[PDB]
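First, one chain by itself in structure tokens, the form deposited in one PDB entry.
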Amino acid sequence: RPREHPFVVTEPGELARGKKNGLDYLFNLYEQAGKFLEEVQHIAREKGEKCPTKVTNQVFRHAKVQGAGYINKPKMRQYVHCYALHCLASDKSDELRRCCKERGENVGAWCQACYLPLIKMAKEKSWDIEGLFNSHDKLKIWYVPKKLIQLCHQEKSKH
């Protein structure tokens, strides 16, 4: 498998141009990973093995073997909060992307910018970020990062 093109900040309907991938692509990867999970579940059930509820190393292995190693653990864990903000607050995810673009910032920056509206979101639902993940059917299958929980708790602690 060839090393994949770097991501760049994008708008909801906007294409990436050069040797670069867009954010809508990024989000699609999570959809694909969900489908691969579903496959792995069906296979496991037919073999009579344990059936995973989350996107595990097993599911990554499956995706890779199906020729999609670009869906790998490091990357997926890296941009989860972004994906979460997209699933939970479409409008906000979008308008933020717009802004980050207008200012001309990198993915690394956009990442950080995604944390804060998510923390706001958690605070509005009794600080229960883990609850938010378990509520949305497309987030249910992703482990909630330590860092997000921490940052929610620190906003609880300071404000």
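C-alpha atoms forming the largest set that superposes within 1.5 Å between two forms make up the rigid core. Residue positions are given as counts along the sequence shown, with the first one as 1.
The next section is about a form of this same protein that is not shown, the form deposited in another entry.
- When both forms sit on the same rigid core, the CA shifts between the shown form and the other one reach 2 angstroms or more only at 130 out of 130, 46, 124, 31.
- Annotation for the pair residue 128/residue 72: C-alpha atoms approach each other in the other form, by 3 Å or more compared with this form.
- One change in the other form concerns residue 129 and residue 117, whose Cα atoms lie at least 3 Å farther apart than in this form.
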